[PDB]
Amino acid sequence: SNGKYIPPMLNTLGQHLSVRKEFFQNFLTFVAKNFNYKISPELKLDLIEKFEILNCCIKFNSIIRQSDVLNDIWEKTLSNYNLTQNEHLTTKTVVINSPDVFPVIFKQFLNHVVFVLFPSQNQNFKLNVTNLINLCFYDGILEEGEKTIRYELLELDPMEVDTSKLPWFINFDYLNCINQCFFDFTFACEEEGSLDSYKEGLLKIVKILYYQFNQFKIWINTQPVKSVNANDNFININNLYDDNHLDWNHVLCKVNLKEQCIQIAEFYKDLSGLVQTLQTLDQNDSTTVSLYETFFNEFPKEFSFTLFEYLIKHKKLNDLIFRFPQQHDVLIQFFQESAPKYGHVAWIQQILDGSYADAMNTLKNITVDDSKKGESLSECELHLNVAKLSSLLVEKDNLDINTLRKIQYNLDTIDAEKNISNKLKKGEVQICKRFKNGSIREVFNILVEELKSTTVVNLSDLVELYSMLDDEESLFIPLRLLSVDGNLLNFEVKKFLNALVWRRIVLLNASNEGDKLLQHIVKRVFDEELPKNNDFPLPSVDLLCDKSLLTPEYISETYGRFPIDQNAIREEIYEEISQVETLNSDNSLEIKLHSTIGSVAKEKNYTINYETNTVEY
Amino acid sequence: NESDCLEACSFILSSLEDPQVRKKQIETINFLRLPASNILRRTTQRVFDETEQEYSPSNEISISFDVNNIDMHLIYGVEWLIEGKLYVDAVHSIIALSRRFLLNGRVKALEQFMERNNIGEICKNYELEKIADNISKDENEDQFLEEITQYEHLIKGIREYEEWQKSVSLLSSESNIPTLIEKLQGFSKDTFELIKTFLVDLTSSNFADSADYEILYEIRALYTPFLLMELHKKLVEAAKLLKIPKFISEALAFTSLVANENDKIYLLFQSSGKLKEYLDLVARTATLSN
């Protein structure tokens, strides 16, 4: 509000603001009228942004400003609720200022409301949350942009040629923040216990997601084949899919929020939410049940398969069997026709027709229970029982982390030797396709005689060696060694070894057009809660390649005492360093990485360390 | 044409859904309880045919405890008859179900079957029906109640212990762990006695069929001993949760004690071999790893 003839804000805050808004609007009307398709969808889009912001900030403010009594009440109620979360922030007239951003203004607001929403019972407050969400996030972008601006006159959507994916303002951070929000907001509507009111909130998120994915494919046009040679956002919020969708629809069924099921399913493309609503019935009303029977013949795979997902997964097996006689034949077809989202529900039906699944316990009872050991070892049972009891000092799953390591270091060596040994005996040899070559393959064959024997060798040697070998157990041997026993070494030495397990993975990854491999292994680490146990660095993209943790210790541990050709190793290391950088700086490839890392980190209430690496002492 | 009716009817009844619609249509398609039997039987048959492929393969006494969804469909075949007021056919038909359950070793299928329907009523009503039909029969009067049913006391035992454990953990959330052990010790002991108490015999009767005492012995000879063996490993299992000094000799002594068997299994070994087979299997284990 600077200028020769632009006042530093006349009058009512809303009145000057409207003046300003006229100016921004006018500029747009002029880009639409004359210059619409001759101007890139970058700069113009920034004029749209002005409206989005303004709309959201003022609405919130104005509700409270109705009467003088309500405003005075508001200040007390809001201040009091802040105290329960140990924070403070009262609003009026310190809101409205309308900083130029697109979703970010919404993001800030939303967090703040949800924070002091769990203590809140205020209704002015409840009301205020809905208005902020809708105006900025749904309405700003789609209903004050795409519908009423692009699709009439001005045009150039974010699926027409932008920076290299989307406009300048939209970056990786925004996409990742959306992914988080989906699940945190689903939790929140159970919490207030008025799930129903927050359908609308939910609707906006699912809508925004669907639209976005379309933007990605249409920007390059066609079908996935350039997103399958380089993963991006088009699968980054179909991670939380399966489990959560089906759960949330089921929670909604019986509490007769039948509409709420339908939206979630519709945008992510599954007939299951619609079909499950209809089916919610015991079997009541002959007419309706008959109608469902008609639909079996008319759609023998599509309707049929979707319907089974409800009944098998939620075990409403009575409906499945008698009620539907003609669906037994189709139930076999379902097992013979699976992969998209029908394998996951089909196994359960199969093991439950057999009525046993106790096979897993028998095999477990030999190896976990100290009752059947060796073939001429005695005293095993006694040691093993005493050992389990000591690591029981800490409550529940988490064991005393210091006691664990002393046993673990030598065990993981014996188990590593033994795994390849069973393999060698069969006359089978384990190597990767681009690690087939050179000095390591030769060294490996000398070592084959050695691995039969059992002797304690260093974790640094083992880490390096194992990661280049095939097979799941083999690849686990580097992750195992470090999580537990890596914290017997220095912090800097722990991280550098870690980068090295990661680096080999990148090599393999980079060599194939498989881009999902790195994502899965990063995800896996938080599910086994390795950073909570014994300290293990958390997955970062500034953890893959380390080179600022120059220790001579690291040199003498890895390459100074493990026998592999120096020339070769050095060459591999140069190559490793290049490949990590490419994924870390190529736009698509950062989107897949950033997105995936940040959501899992938030849900688990993790913090990336570069010291201690303690997420649970 | 008996076949043609049976099918058209069975399909009509199934294709009319809602439990009340089923109830009345089945109830009022009966008279004389001798050829009304036949109409319902094909409805019985489709109910079984669907779940037939999903039904458990045990047709002999073995491991198979607890009702699943597959069982319940089979129980529903009998429910069709009860709704029809077909007590003539039903008295026979109850005994036949109970025998299949006994023979395939499903004490739990029978037990649950026994809650929803009871034999004893069925035999008394039978007699009254043949006063209006006047078909000859021998005195079939029954007063049967459960007494097969010592398994409910097993499950009762576990649950109190389990309740301590939730509550015990709650108490454990920073308090004093030794006091919690005293209580846990109290619970295991009292539960262990409790399972051994309670006897259901009551009025003495059978299923309205004799020579079924043999069948009941075999079913017991399986599940019963299996559970006993499991429990005999259970002491060891529990003795590995909280750190405690000594108290190892008792276990040692029990182990030693489990050497004075008393039925003659070695005599059985002498009779036909496998004791031998057990050496062959040991030798193959030793040549792989010693």
# chains A, B, ... in the order shown; residues from 1 in each chain; ligands from 1
$ interface_residues --of "chain B" --to "chain A" --cutoff "7 Å" --atoms "only C-alpha atoms" --output "ChimeraX atom specification"
/B:14,16-18,47,50,54-56,69,240-243,286,289-290
$ residues_around --residues "residue 213 in chain B" --least-positions-apart "5" --cutoff "12 Å" --atoms "only C-alpha atoms" --output "PyMOL selection string"
chain B and resi 99+102+148+205-207+218-220
$ select_by_dssp --residues "range 94-334 of chain A" --states "helix (DSSP H, G or I)" --output "PyMOL selection string"
chain A and resi 104-115+123-138+142-150+172-192+195-218+241-254+258-267+272-278+286-298+302-313+317-320+325-334
$ write_last_selection --atoms "C-alpha atoms" --output "compact mmCIF listing (two decimals), in the first residue's frame"
# COMPACT_ATOMS: atom_id res chain seq x y z
CA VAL A 104 0.29 -22.05 2.80
CA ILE A 105 -2.08 -19.55 4.50
CA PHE A 106 -4.64 -22.46 4.83
CA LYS A 107 -1.87 -24.76 6.12
CA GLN A 108 -0.93 -22.40 8.94
CA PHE A 109 -4.51 -21.78 10.02
CA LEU A 110 -5.56 -25.46 9.92
CA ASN A 111 -2.75 -26.66 12.21
CA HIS A 112 -3.62 -23.87 14.71
CA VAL A 113 -7.38 -24.67 14.80
CA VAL A 114 -6.78 -28.51 15.16
CA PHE A 115 -4.30 -27.82 17.94
CA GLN A 123 -19.40 -23.37 18.38
CA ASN A 124 -18.16 -19.96 17.04
CA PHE A 125 -14.79 -21.68 16.95
CA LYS A 126 -16.10 -24.80 15.22
CA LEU A 127 -17.83 -22.63 12.65
CA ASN A 128 -14.62 -20.61 12.03
CA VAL A 129 -12.63 -23.86 11.11
CA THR A 130 -14.94 -24.72 8.17
CA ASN A 131 -14.90 -21.31 6.59
CA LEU A 132 -11.05 -21.14 6.57
CA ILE A 133 -10.80 -24.54 4.86
CA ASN A 134 -13.35 -24.15 2.21
CA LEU A 135 -12.51 -20.54 0.96
CA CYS A 136 -8.80 -20.95 0.60
CA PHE A 137 -8.24 -24.66 -0.31
CA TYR A 138 -11.36 -25.79 -2.31
CA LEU A 142 -11.01 -24.81 -8.14
CA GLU A 143 -14.10 -22.62 -7.60
CA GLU A 144 -12.38 -19.15 -8.04
CA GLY A 145 -9.96 -20.28 -10.51
CA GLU A 146 -10.47 -23.44 -12.60
CA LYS A 147 -14.28 -23.30 -13.02
CA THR A 148 -14.70 -19.47 -13.27
CA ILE A 149 -11.43 -18.29 -14.79
CA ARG A 150 -9.54 -21.02 -16.76
CA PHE A 172 7.62 -30.43 -3.62
CA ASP A 173 6.94 -29.13 -0.07
CA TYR A 174 3.19 -28.36 -0.84
CA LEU A 175 2.50 -31.94 -2.20
CA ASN A 176 4.10 -33.71 0.81
CA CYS A 177 2.13 -31.36 3.36
CA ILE A 178 -1.20 -32.51 1.60
CA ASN A 179 -0.36 -36.21 2.06
CA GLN A 180 0.08 -35.74 5.83
CA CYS A 181 -3.14 -33.80 6.16
CA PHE A 182 -5.38 -36.51 4.83
CA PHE A 183 -4.72 -38.97 7.70
CA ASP A 184 -4.36 -36.23 10.63
CA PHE A 185 -7.84 -34.82 9.54
CA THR A 186 -9.38 -38.33 9.39
CA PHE A 187 -8.23 -38.82 13.00
CA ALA A 188 -9.65 -35.60 14.09
CA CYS A 189 -13.19 -36.20 12.89
CA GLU A 190 -13.40 -39.40 15.21
CA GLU A 191 -11.97 -37.33 18.05
CA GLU A 192 -14.72 -34.66 18.11
CA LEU A 195 -17.70 -37.19 12.13
CA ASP A 196 -20.61 -35.91 10.18
CA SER A 197 -19.85 -32.32 10.47
CA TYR A 198 -16.41 -32.75 8.97
CA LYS A 199 -17.52 -34.65 5.83
CA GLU A 200 -17.16 -31.30 3.99
CA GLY A 201 -13.55 -31.02 5.14
CA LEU A 202 -12.84 -34.45 3.98
CA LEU A 203 -14.48 -33.77 0.57
CA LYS A 204 -12.20 -30.93 -0.17
CA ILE A 205 -9.04 -33.01 0.43
CA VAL A 206 -10.10 -35.92 -1.75
CA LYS A 207 -11.11 -33.54 -4.52
CA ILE A 208 -7.81 -31.59 -4.38
CA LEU A 209 -5.85 -34.89 -4.58
CA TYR A 210 -7.70 -36.21 -7.61
CA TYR A 211 -7.38 -33.04 -9.48
CA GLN A 212 -3.69 -32.77 -8.89
CA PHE A 213 -2.78 -36.25 -10.24
CA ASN A 214 -4.62 -35.41 -13.43
CA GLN A 215 -2.46 -32.29 -13.65
CA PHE A 216 0.67 -34.32 -13.61
CA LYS A 217 -0.30 -36.76 -16.43
CA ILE A 218 -1.80 -34.01 -18.68
CA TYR A 241 -4.87 -46.14 0.23
CA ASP A 242 -6.16 -49.61 0.91
CA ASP A 243 -6.39 -50.11 4.74
CA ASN A 244 -7.44 -46.54 5.52
CA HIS A 245 -10.13 -46.21 2.82
CA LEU A 246 -11.80 -49.43 3.73
CA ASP A 247 -11.60 -48.64 7.52
CA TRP A 248 -12.99 -45.17 7.11
CA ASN A 249 -15.88 -46.27 4.89
CA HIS A 250 -16.77 -49.08 7.39
CA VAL A 251 -16.70 -46.64 10.40
CA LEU A 252 -19.13 -44.47 8.42
CA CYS A 253 -21.63 -47.16 7.30
CA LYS A 254 -23.57 -48.05 10.40
CA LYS A 258 -23.49 -43.26 3.82
CA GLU A 259 -22.73 -40.12 1.59
CA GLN A 260 -19.33 -39.73 3.35
CA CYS A 261 -18.19 -43.25 2.17
CA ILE A 262 -19.21 -42.44 -1.40
CA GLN A 263 -17.06 -39.35 -1.91
CA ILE A 264 -13.74 -40.88 -0.63
CA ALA A 265 -14.15 -43.86 -2.96
CA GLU A 266 -15.34 -41.95 -5.99
CA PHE A 267 -12.26 -39.72 -6.35
CA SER A 272 -16.48 -50.59 -3.10
CA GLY A 273 -17.71 -47.50 -1.16
CA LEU A 274 -20.96 -47.21 -3.08
CA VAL A 275 -21.62 -50.94 -3.19
CA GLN A 276 -20.84 -51.45 0.60
CA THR A 277 -23.49 -48.84 1.55
CA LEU A 278 -26.24 -50.69 -0.29
CA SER A 286 -36.83 -58.79 -0.31
CA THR A 287 -37.15 -56.30 -3.20
CA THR A 288 -33.65 -54.78 -2.71
CA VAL A 289 -31.79 -58.04 -2.32
CA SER A 290 -33.36 -59.16 -5.53
CA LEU A 291 -32.12 -56.05 -7.29
CA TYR A 292 -28.49 -56.85 -6.24
CA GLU A 293 -29.00 -60.33 -7.66
CA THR A 294 -29.88 -58.79 -11.06
CA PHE A 295 -26.59 -56.81 -11.08
CA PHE A 296 -24.53 -60.10 -10.79
CA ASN A 297 -25.54 -61.26 -14.24
CA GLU A 298 -25.27 -57.79 -15.72
CA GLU A 302 -16.85 -55.68 -12.05
CA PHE A 303 -19.81 -55.32 -9.57
CA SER A 304 -19.17 -58.89 -8.31
CA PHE A 305 -15.52 -58.53 -7.36
CA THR A 306 -16.15 -55.13 -5.56
CA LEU A 307 -18.98 -56.52 -3.53
CA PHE A 308 -16.85 -59.45 -2.28
CA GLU A 309 -14.25 -56.93 -0.82
CA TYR A 310 -16.76 -55.67 1.70
CA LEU A 311 -17.92 -59.10 2.79
CA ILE A 312 -14.59 -60.94 3.02
CA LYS A 313 -12.62 -58.06 4.54
CA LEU A 317 -19.74 -63.93 5.35
CA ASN A 318 -23.38 -64.81 6.02
CA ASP A 319 -24.35 -62.48 3.08
CA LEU A 320 -21.62 -63.97 0.90
CA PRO A 325 -26.19 -68.57 -4.46
CA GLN A 326 -24.86 -67.53 -7.87
CA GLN A 327 -21.85 -65.74 -6.39
CA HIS A 328 -19.99 -68.93 -5.29
CA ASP A 329 -18.91 -69.49 -8.94
CA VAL A 330 -17.77 -65.86 -9.22
CA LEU A 331 -15.99 -66.18 -5.82
CA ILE A 332 -13.62 -68.67 -7.40
CA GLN A 333 -13.09 -66.16 -10.33
CA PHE A 334 -12.04 -63.54 -7.82
$ residues_around --residues "residue 127 in chain B" --least-positions-apart "2" --cutoff "10 Å" --atoms "only C-alpha atoms" --output "PyMOL selection string"
chain B and resi 87-88+122-125+129-132+134-141
$ decode --residues "range 126-260 of chain A" --atoms "C-alpha atoms" --output "JSON list (two decimals), in the first residue's frame"
[["chain", "number", "residue", "atom", "x", "y", "z"],
["A", 126, "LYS", "CA", -16.10, -24.80, 15.22],
["A", 127, "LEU", "CA", -17.83, -22.63, 12.65],
["A", 128, "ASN", "CA", -14.62, -20.61, 12.03],
["A", 129, "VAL", "CA", -12.63, -23.86, 11.11],
["A", 130, "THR", "CA", -14.94, -24.72, 8.17],
["A", 131, "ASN", "CA", -14.90, -21.31, 6.59],
["A", 132, "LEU", "CA", -11.05, -21.14, 6.57],
["A", 133, "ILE", "CA", -10.80, -24.54, 4.86],
["A", 134, "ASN", "CA", -13.35, -24.15, 2.21],
["A", 135, "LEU", "CA", -12.51, -20.54, 0.96],
["A", 136, "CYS", "CA", -8.80, -20.95, 0.60],
["A", 137, "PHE", "CA", -8.24, -24.66, -0.31],
["A", 138, "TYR", "CA", -11.36, -25.79, -2.31],
["A", 139, "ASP", "CA", -12.91, -22.53, -3.42],
["A", 140, "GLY", "CA", -9.73, -20.47, -4.10],
["A", 141, "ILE", "CA", -8.15, -22.93, -6.49],
["A", 142, "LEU", "CA", -11.01, -24.81, -8.14],
["A", 143, "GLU", "CA", -14.10, -22.62, -7.60],
["A", 144, "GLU", "CA", -12.38, -19.15, -8.04],
["A", 145, "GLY", "CA", -9.96, -20.28, -10.51],
["A", 146, "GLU", "CA", -10.47, -23.44, -12.60],
["A", 147, "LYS", "CA", -14.28, -23.30, -13.02],
["A", 148, "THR", "CA", -14.70, -19.47, -13.27],
["A", 149, "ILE", "CA", -11.43, -18.29, -14.79],
["A", 150, "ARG", "CA", -9.54, -21.02, -16.76],
["A", 151, "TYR", "CA", -12.56, -22.82, -18.19],
["A", 152, "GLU", "CA", -14.27, -19.59, -19.37],
["A", 153, "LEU", "CA", -11.56, -17.08, -20.44],
["A", 154, "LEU", "CA", -7.87, -16.75, -19.44],
["A", 155, "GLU", "CA", -7.14, -20.47, -19.61],
["A", 156, "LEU", "CA", -3.77, -22.17, -19.28],
["A", 157, "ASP", "CA", -4.32, -24.70, -16.45],
["A", 158, "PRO", "CA", -1.27, -26.10, -14.49],
["A", 159, "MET", "CA", -1.38, -29.04, -16.99],
["A", 160, "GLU", "CA", -0.16, -26.68, -19.78],
["A", 161, "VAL", "CA", 3.67, -26.15, -19.90],
["A", 162, "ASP", "CA", 5.00, -24.62, -16.66],
["A", 163, "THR", "CA", 8.43, -24.68, -15.02],
["A", 164, "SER", "CA", 8.90, -28.36, -15.63],
["A", 165, "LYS", "CA", 5.87, -29.89, -13.85],
["A", 166, "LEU", "CA", 3.73, -27.21, -12.27],
["A", 167, "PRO", "CA", 4.02, -23.33, -11.86],
["A", 168, "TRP", "CA", 6.79, -21.61, -10.00],
["A", 169, "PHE", "CA", 4.96, -21.25, -6.75],
["A", 170, "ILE", "CA", 4.02, -24.95, -6.57],
["A", 171, "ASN", "CA", 6.91, -27.02, -5.35],
["A", 172, "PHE", "CA", 7.62, -30.43, -3.62],
["A", 173, "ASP", "CA", 6.94, -29.13, -0.07],
["A", 174, "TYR", "CA", 3.19, -28.36, -0.84],
["A", 175, "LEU", "CA", 2.50, -31.94, -2.20],
["A", 176, "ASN", "CA", 4.10, -33.71, 0.81],
["A", 177, "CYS", "CA", 2.13, -31.36, 3.36],
["A", 178, "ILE", "CA", -1.20, -32.51, 1.60],
["A", 179, "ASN", "CA", -0.36, -36.21, 2.06],
["A", 180, "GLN", "CA", 0.08, -35.74, 5.83],
["A", 181, "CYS", "CA", -3.14, -33.80, 6.16],
["A", 182, "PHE", "CA", -5.38, -36.51, 4.83],
["A", 183, "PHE", "CA", -4.72, -38.97, 7.70],
["A", 184, "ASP", "CA", -4.36, -36.23, 10.63],
["A", 185, "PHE", "CA", -7.84, -34.82, 9.54],
["A", 186, "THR", "CA", -9.38, -38.33, 9.39],
["A", 187, "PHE", "CA", -8.23, -38.82, 13.00],
["A", 188, "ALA", "CA", -9.65, -35.60, 14.09],
["A", 189, "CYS", "CA", -13.19, -36.20, 12.89],
["A", 190, "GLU", "CA", -13.40, -39.40, 15.21],
["A", 191, "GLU", "CA", -11.97, -37.33, 18.05],
["A", 192, "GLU", "CA", -14.72, -34.66, 18.11],
["A", 193, "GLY", "CA", -17.19, -37.57, 17.69],
["A", 194, "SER", "CA", -19.23, -35.67, 15.20],
["A", 195, "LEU", "CA", -17.70, -37.19, 12.13],
["A", 196, "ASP", "CA", -20.61, -35.91, 10.18],
["A", 197, "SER", "CA", -19.85, -32.32, 10.47],
["A", 198, "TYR", "CA", -16.41, -32.75, 8.97],
["A", 199, "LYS", "CA", -17.52, -34.65, 5.83],
["A", 200, "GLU", "CA", -17.16, -31.30, 3.99],
["A", 201, "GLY", "CA", -13.55, -31.02, 5.14],
["A", 202, "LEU", "CA", -12.84, -34.45, 3.98],
["A", 203, "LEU", "CA", -14.48, -33.77, 0.57],
["A", 204, "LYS", "CA", -12.20, -30.93, -0.17],
["A", 205, "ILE", "CA", -9.04, -33.01, 0.43],
["A", 206, "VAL", "CA", -10.10, -35.92, -1.75],
["A", 207, "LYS", "CA", -11.11, -33.54, -4.52],
["A", 208, "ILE", "CA", -7.81, -31.59, -4.38],
["A", 209, "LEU", "CA", -5.85, -34.89, -4.58],
["A", 210, "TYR", "CA", -7.70, -36.21, -7.61],
["A", 211, "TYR", "CA", -7.38, -33.04, -9.48],
["A", 212, "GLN", "CA", -3.69, -32.77, -8.89],
["A", 213, "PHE", "CA", -2.78, -36.25, -10.24],
["A", 214, "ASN", "CA", -4.62, -35.41, -13.43],
["A", 215, "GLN", "CA", -2.46, -32.29, -13.65],
["A", 216, "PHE", "CA", 0.67, -34.32, -13.61],
["A", 217, "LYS", "CA", -0.30, -36.76, -16.43],
["A", 218, "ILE", "CA", -1.80, -34.01, -18.68],
["A", 219, "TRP", "CA", 1.24, -31.87, -18.43],
["A", 220, "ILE", "CA", 3.22, -34.51, -20.35],
["A", 221, "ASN", "CA", -0.03, -35.90, -21.66],
["A", 222, "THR", "CA", -0.83, -39.61, -22.25],
["A", 223, "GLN", "CA", -0.70, -42.65, -19.90],
["A", 224, "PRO", "CA", 2.07, -43.64, -17.35],
["A", 225, "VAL", "CA", 5.37, -44.61, -19.14],
["A", 226, "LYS", "CA", 7.35, -41.55, -18.28],
["A", 227, "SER", "CA", 6.15, -41.69, -14.62],
["A", 228, "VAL", "CA", 7.07, -45.40, -14.59],
["A", 229, "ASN", "CA", 10.67, -44.41, -15.83],
["A", 230, "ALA", "CA", 10.56, -41.65, -13.16],
["A", 231, "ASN", "CA", 8.27, -41.76, -10.19],
["A", 232, "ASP", "CA", 6.62, -38.50, -9.06],
["A", 233, "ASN", "CA", 3.38, -37.46, -7.55],
["A", 234, "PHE", "CA", 0.74, -39.75, -9.01],
["A", 235, "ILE", "CA", 1.16, -42.41, -6.34],
["A", 236, "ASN", "CA", 2.37, -40.38, -3.50],
["A", 237, "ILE", "CA", -1.17, -40.22, -1.84],
["A", 238, "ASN", "CA", -2.17, -43.57, -3.00],
["A", 239, "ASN", "CA", 0.26, -44.90, -0.27],
["A", 240, "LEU", "CA", -2.21, -44.58, 2.56],
["A", 241, "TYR", "CA", -4.87, -46.14, 0.23],
["A", 242, "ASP", "CA", -6.16, -49.61, 0.91],
["A", 243, "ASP", "CA", -6.39, -50.11, 4.74],
["A", 244, "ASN", "CA", -7.44, -46.54, 5.52],
["A", 245, "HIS", "CA", -10.13, -46.21, 2.82],
["A", 246, "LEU", "CA", -11.80, -49.43, 3.73],
["A", 247, "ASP", "CA", -11.60, -48.64, 7.52],
["A", 248, "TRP", "CA", -12.99, -45.17, 7.11],
["A", 249, "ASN", "CA", -15.88, -46.27, 4.89],
["A", 250, "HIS", "CA", -16.77, -49.08, 7.39],
["A", 251, "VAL", "CA", -16.70, -46.64, 10.40],
["A", 252, "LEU", "CA", -19.13, -44.47, 8.42],
["A", 253, "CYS", "CA", -21.63, -47.16, 7.30],
["A", 254, "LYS", "CA", -23.57, -48.05, 10.40],
["A", 255, "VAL", "CA", -23.39, -44.50, 11.85],
["A", 256, "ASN", "CA", -25.40, -43.71, 8.52],
["A", 257, "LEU", "CA", -23.02, -41.28, 7.03],
["A", 258, "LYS", "CA", -23.49, -43.26, 3.82],
["A", 259, "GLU", "CA", -22.73, -40.12, 1.59],
["A", 260, "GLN", "CA", -19.33, -39.73, 3.35]]
